[PDB]
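When a ligand or atom number is given, it counts from 1 through the structure's own listing order. Throughout, protein chains are lettered first and strands after them, A, B, ... in sequence-line order, and every chain is numbered starting at 1. Atom set for the values below is all heavy atoms of this structure, side chains included, hydrogens, waters and symmetry mates excluded.
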Amino acid sequence: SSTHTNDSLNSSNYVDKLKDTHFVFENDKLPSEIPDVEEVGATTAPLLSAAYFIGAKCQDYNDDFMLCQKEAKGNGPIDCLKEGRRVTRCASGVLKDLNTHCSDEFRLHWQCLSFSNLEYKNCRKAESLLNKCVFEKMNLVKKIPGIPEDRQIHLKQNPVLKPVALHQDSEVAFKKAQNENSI
Amino acid sequence: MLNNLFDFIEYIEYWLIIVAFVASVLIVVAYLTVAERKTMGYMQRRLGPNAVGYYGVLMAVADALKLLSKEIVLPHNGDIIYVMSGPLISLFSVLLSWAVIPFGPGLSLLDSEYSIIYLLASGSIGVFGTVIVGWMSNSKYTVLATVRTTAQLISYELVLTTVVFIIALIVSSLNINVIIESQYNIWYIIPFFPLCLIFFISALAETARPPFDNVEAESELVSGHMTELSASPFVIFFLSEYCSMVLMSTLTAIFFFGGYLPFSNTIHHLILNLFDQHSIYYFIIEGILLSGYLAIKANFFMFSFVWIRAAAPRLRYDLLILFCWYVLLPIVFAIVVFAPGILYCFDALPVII
Amino acid sequence: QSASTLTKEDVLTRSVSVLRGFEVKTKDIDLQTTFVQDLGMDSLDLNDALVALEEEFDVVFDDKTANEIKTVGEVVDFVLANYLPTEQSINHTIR
Amino acid sequence: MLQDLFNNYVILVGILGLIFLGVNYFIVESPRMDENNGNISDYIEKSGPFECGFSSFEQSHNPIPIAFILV
Amino acid sequence: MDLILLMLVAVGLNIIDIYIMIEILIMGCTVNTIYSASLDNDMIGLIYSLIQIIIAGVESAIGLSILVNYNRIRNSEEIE
Amino acid sequence: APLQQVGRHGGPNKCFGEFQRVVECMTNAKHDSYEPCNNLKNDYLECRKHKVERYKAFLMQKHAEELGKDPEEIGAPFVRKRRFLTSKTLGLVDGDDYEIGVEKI
Amino acid sequence: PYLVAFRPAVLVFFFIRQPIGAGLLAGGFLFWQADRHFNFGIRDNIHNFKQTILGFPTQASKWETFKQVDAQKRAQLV
Amino acid sequence: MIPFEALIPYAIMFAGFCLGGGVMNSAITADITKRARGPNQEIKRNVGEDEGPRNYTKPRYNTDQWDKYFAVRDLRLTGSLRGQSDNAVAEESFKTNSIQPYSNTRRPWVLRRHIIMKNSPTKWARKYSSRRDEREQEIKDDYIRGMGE
Amino acid sequence: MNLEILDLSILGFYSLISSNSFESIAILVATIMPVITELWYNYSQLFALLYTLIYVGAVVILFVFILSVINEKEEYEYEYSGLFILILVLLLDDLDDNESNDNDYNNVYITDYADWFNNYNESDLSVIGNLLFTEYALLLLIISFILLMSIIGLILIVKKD
Ligand SMILES: CCCCCCCCCCCCCCCCCC(=O)OC[C@H](COP(=O)(O)OCCN)OC(=O)CCCCCCCCCCCCCCCCC
Ligand SMILES: CCCCCCCCCCCCCCCCCC(=O)OC[C@H](COP(=O)(O)OCCN)OC(=O)CCCCCCCCCCCCCCCCC
């Protein structure tokens, strides 16, 4: 979906010229009565790599924030500031743990995603190493709700759709774990 | 210098990419004319051009340069609008259609979820360029070609559009690059062999190529709409017609033969394993392989465009009208119902991922 | 729309003007003026006048009428009875 | 989806078409360098329509019946 | 300049020129509908816009057929 | 009840909530007249066109002109060219003023 | 996006065929671009004149309503 | 008997596709990777001694609205629309560098300047009749008059 | 520099001077092209392509009808006009281009705030098809009913027998 909107960046500068778009900045911070929070610094690739680990670790805070939105009756952005900060800190903690326990496996995964159009199906080898490392060091398991445990696509042995071009770093790391970990 | 040059190149880098892209298409189109004459020659047991450049490699250059050094015939110098409006519209229509042709994953100038619509819409504009030449013209042979040109459009346009929609319906996407990636496990030639034949027939009709060469039948309408054209207007129309031949040959490779996908997955991995992915040399080779896969499939149908010309006589345009409406349209409309019935029956309705 | 707008006086007036562009004997031309006697027209001179009169009124004398016409009044009667406006294109009428 | 690259290509395509006409207009030798038969606007024997050798009736704006009009 | 009915001069003096004028006028309404729907982020208006394009195409076909037969009647002797 | 004001992704758009509250007020039996629902109708029309808010912006701009206030001193900074959303404007620590790449994402 | 590619060709062919007719249109086009780019306000004055003569609410009419309200509200407070 | 002279033009056409594919696959990938290194030209061009092997980012295709939001968010974090960063905490500059596009909502130029398309009973009323604008100005006037109470 | 203004001015100039029917169908093409391009940017790329797909096919059928009707009428009919008066007419029409008289709506810019609640993102065409085939399926079926009437209608009007 590449529909032009007034809420984000459009397709080309000709659209900006026709719309006379002004990219407006604000130099004012949040008022002091709202406690400050540390924003998440992960880009698109690390966030997609850690999406299921944030959900597993921060499920109760994700639900509580979203339940606050529904029960606010239209006043979600203002009322649920407190619940929003809980999610931001919890999500940051997951990324901090990934940089202290599984940095090599974590970086291997989202760099594969940047190499393969950010598609999960093209980085199974790197994801499997990452999933094993996170479970053994954080007790967090990727789970896809609504389907039986053995019918998860990320655990499929012989997928119909496979990446066209292999990721060399993923291939080398996968072989280093096949022979060593599984003697 | 140095610092002011190492960022000037970055400032103009993407213009070099487009210029290289334009040259890549022009080279194929330029040597398609040479390839067609060489291919027909051996099938007709002649040789084809071999005396213009070493083994005939400069034949395309000589034909273009000689025509670019020819007088432009028009009633008045100010009448440059009349004989140039037609060819320019036809040339712009086919060149803009190449923007959505991906030589690799994401390697297309225009990426959009409506690339299929843009492809068909841009091609339909090229028909308007042909009919412009017959602008209350005093040439009787130019007029007769315009009537035939409109008749051919009514034949293939419905058939060609619906066949492309079936492939889009099977993938539930109007993005060309998504259609290419959806053929990783199966090439659509196997499930839709009748559609590939129908698509190729419509491609021949669209480009006014034999056996559907009624617009430019030398034995019927001397030269058709180009009988009054010379020098640059003839070149632009000649360039546009052959640019459509390459484009339709490339489209056939995309819709039914997986586009740029490798013939063998094992061979693709072995070749790329010889190169380091931390160096740019891997991505230079990767682009050569992926486009090489597209080139081999596209060259086969460009060969087939020449092959059918050297093996089949021309069919009358009134017979073509009955051929598409009585035969092709019922078949394609039958398939557009058959395909969803199969997919729904086995719980395999397509989604975009 | 497609109907004659001629009158006997206007047709006679224009018939006289056409015939005065030739080398006729007399410039006094009326309905009873004969081509052969009063105007002194021979075979070819008479046919030149008839074709010239055809050009003015956009009518075509038939063979029998042209080979038997004697007076100017017969020419006037033929023009009134047979003249029709030329059919226009579809755009001229309904637009 | 960014389309700035696409816009540059469309601009080049439009300019490219004018180059073919501009090159042909600036490459051909002048008429005086050729047989010097004058401008094409005066050479009526050349700018006239082609009818395989013999001139015929001029029917540029005559109606053309079409047998596939219903199709 | 619109209140003096300036558009009546921009329309040509042929029957088919009246047809072209109607297509342009209907196309203006569809463009306006797309303009409103896109701002509102309303797909209902885009459904309306698509319907207006399809319906206007049907109108052109019917009008052309009447004009085709009307031109046929005048050139209908076909004695040759 | 037919769906109106559907977003580009199949769900409600920005102004569906205003429209939904108008329908609920008009079809509620407890009301005797449509006067209580008048304020809800204005909000829905304000959601689409923002005519009152644009009018408020017109007054503030006009009021600042008579006071001599410079627009750049009380306004909001903006950039007109997307390629010039440089890292220096974004406030990055090592931010440079070189143009950003917007040709192909 | 087709007009982007077509525009150079039609403009060049316009001047080649009707140089004087194209010059007047191009000159008129550029004059009203200069008026808007240099903030000369020629088109704004015509728009203000049209709204005033046709009974429309004008920029000055809207501002006068605010002044009347501001004067009234200030008097009420004081 | 395979005629190799007939296959020479096909080999050149084969090289024609490879020229486009080789340049596009490599130059576009290199440009994205170069701009993801940092916000300044001294990092994009100069390669540090302690930096590891270069990891390339391939071009992105088949995007949606979420990817447009991500691209702007990545710009405010790295100075590139596809910048790379796995930091747990963002910089202080990320708090106040948000970009909000403000634009006009006027009708297309063809709708208000075409010699034929702009003429309709409702468009004339909008353009020449003050009945709509006079009534709507009441709502704007009611806003200021309802402040003092 | 809004170049759409210049293109429409050129198109408007030829509308007042168009004489034959071929120049009129050329006006139609010179009208759809600015519409498509202005739709391709700004508002809606989807309907810019839809306009090209449908109207270009109608143009060719329109053009082929002209070849069967032209009857020499406008090849010799004279027109008078005058260069000065034509420019004056276009200049006055150029003076007023404000289709609406809500100055606040035309001069004050607005923004929208995007949200992440729509994790399922698809093109507008899919949403149109979702509603057209489910919510407004009656409209789709009636449109097919109208298309059926046109097919029968064309045959009875045109066919001699
Ligand atoms: C920068 C220049 C811009 C120029 C824009 C207009 C271009 C020239 C067109 C001539 C102007 C006529 C149209 C004017 C707008 C339509 C009339 C109208 O709505 O009233 C406006 C005008 C003043 O209105 P006012 O009372 O001051 O304020 C509104 C308060 N509620 O009330 C008026 O008195 C206006 C004059 C209307 C009365 C004379 C016209 C009617 C009588 C002659 C009719 C001739 C045509 C008849 C056609 C009948 C067809 C059914
Ligand atoms: C696209 C690039 C290649 C085409 C470039 C040709 C440029 C010519 C002008 C293009 C149209 C611009 C808008 C004008 C509307 C059509 C008016 C017209 O009939 O064509 C203009 C042409 C000029 O010759 P002229 O003698 O001055 O006019 C006849 C005077 N009795 O008089 C003619 O009848 C000649 C017609 C030749 C065939 C033109 C067919 C229409 C071309 C439309 C394609 C471009 C789309 C419009 C782009 C500009 C939009 C304003």
Are there protein heavy-atom neighbours of [atom] below 4.0 Å?
| atom | answer |
| --- | --- |
| atom 34 (O) of ligand 2 | yes |
| atom 29 (C) of ligand 1 | yes |
| atom 42 (C) of ligand 1 | no |
| atom 25 (P) of ligand 2 | yes |

Considering only heavy atoms, which of [options] lies nearest to [atom]?
| atom | options | value |
| --- | --- | --- |
| atom 1 (C) of ligand 2 | G:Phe6, G:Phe13, G:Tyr2 | G:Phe6 |
| atom 2 (C) of ligand 1 | H:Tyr128, H:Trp124, G:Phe49 | G:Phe49 |
| atom 50 (C) of ligand 2 | D:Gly17, I:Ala30, B:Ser85, I:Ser24 | I:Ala30 |
| atom 21 (C) of ligand 2 | I:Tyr14, B:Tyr82, I:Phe13, B:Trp135 | I:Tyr14 |
| atom 7 (C) of ligand 2 | G:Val10, B:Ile80, B:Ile125 | G:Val10 |
| atom 51 (C) of ligand 2 | I:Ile32, B:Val133, I:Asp7 | I:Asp7 |

Under 6.0 Å between the ring centres of [X] and [Y]?
| X | Y | answer |
| --- | --- | --- |
| B:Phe238 | B:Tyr242 | yes |
| I:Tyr14 | G:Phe14 | yes |
| B:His225 | B:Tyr141 | no |
| I:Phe22 | I:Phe63 | yes |

Considering only heavy atoms of [X], which atoms of ligand 2 have at least one such atom less than 4.0 Å away?
| X | value |
| --- | --- |
| I:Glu23 | 19 (O), 29 (C), 31 (N), 34 (O) |
| G:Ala9 | 2 (C) |
| B:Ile81 | 8 (C), 23 (C), 35 (C), 37 (C) |
| G:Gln18 | 25 (P), 27 (O) |
| I:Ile27 | 15 (C) |
| B:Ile132 | 38 (C), 40 (C) |

- Query: Short N/O distance, under 3.5 Å, between I:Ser19 and ligand 2?
  - Reply: no
[atom] - nearest protein heavy atom and its distance:
| atom | value |
| --- | --- |
| atom 4 (C) of ligand 1 | G:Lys50 CG, 4.7 Å |
| atom 23 (C) of ligand 1 | G:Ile53 O, 3.8 Å |
| atom 5 (C) of ligand 1 | G:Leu54 CD1, 4.0 Å |
| atom 16 (C) of ligand 2 | I:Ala26 CB, 3.9 Å |
| atom 12 (C) of ligand 1 | E:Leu3 CD1, 4.5 Å |
| atom 44 (C) of ligand 2 | B:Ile89 CD1, 3.9 Å |
| atom 27 (O) of ligand 1 | G:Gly55 CA, 4.4 Å |

- Query: Going by an N to O cut-off under 4.0 Å, is there a salt bridge joining G:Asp35 and G:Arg43?
  - Reply: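 Salt bridge between G:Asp35 and G:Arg43, a charged N being under 4.0 Å from a carboxylate O: no.
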- Taking everything shown except H:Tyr128 itself, do over 12 heavy atoms lie less than 6.0 Å from its OH?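 More than 12 within 6.0 Å, yes.
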- Item | Taking every non-hydrogen atom, the tightest pair across H:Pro108 and E:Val31 |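 Heavy atoms only, the tightest pair is CG-CG1, 4.0 Å.
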- Task: Please report the shortest heavy-atom distance between B:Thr227 and B:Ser139, naming the atom on each side.
- Result: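 Closest approach of B:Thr227 to B:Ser139: CG2-OG, 3.8 Å.
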- B:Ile89 backbone acceptor or donor facing B:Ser93 side chain under 3.5 Å: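 No: the side chain of B:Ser93 does not pair with the backbone of B:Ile89.
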- Are any side-chain N or O atoms of G:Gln51 and backbone N or O atoms of G:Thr58, one a donor and one an acceptor, separated by less than 3.5 Å?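 Looks like no, no N/O pair under 3.5 Å.
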- Task: Report yes if H:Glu134 has an N/O atom closer than 3.5 Å to an N/O atom of ligand 1; otherwise report no.
- Result: yes
- Message: Can you tell me if G:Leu3 contacts ligand 2 (heavy atom of the residue under 4.0 Å from the ligand)?
- Response: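 In this structure, G:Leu3 qualifies as a contact of ligand 2 - some heavy atom is under 4.0 Å.
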- Parallel, tilted or perpendicular for B:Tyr118 and I:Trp40, by the 30°/60° rule?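 Geometry flag for I:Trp40 against B:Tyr118: tilted rings.
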- Do G:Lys62 and I:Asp104 pass the salt bridge (charged side-chain N to carboxylate O under 4.0 Å, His left out) test, and can you show the C-alpha distance, the side-chain angles, and the key distance before you say yes or no? CA-CA 10 Å; G:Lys62 295 172 185 180; I:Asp104 305 327; 3.6 Å; yes
- Task: Taking the side chain as every heavy atom from C-beta outward, state whether D:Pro63 and I:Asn71 have any atom pair closer than 4.5 Å.
- Result: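 Result yes, sub-4.5 Å side-chain heavy-atom pair found.
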- For ligand 2, indicate whether the residue G:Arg7 contacts it via side chain, backbone, both or neither (heavy-atom separation under 4.0 Å).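 Under 4.0 Å from ligand 2, G:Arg7 contributes no heavy atoms.
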- Message: Tell me whether H:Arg112 forms a cation-pi arrangement with H:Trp109, defined as NZ or CZ under 6.0 Å from the six-membered ring centre and within 45 degrees of its axis.
- Response: yes
- Item | Side-chain donor-acceptor pair present, G:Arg17, B:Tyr82, cut-off under 3.5 Å | yes
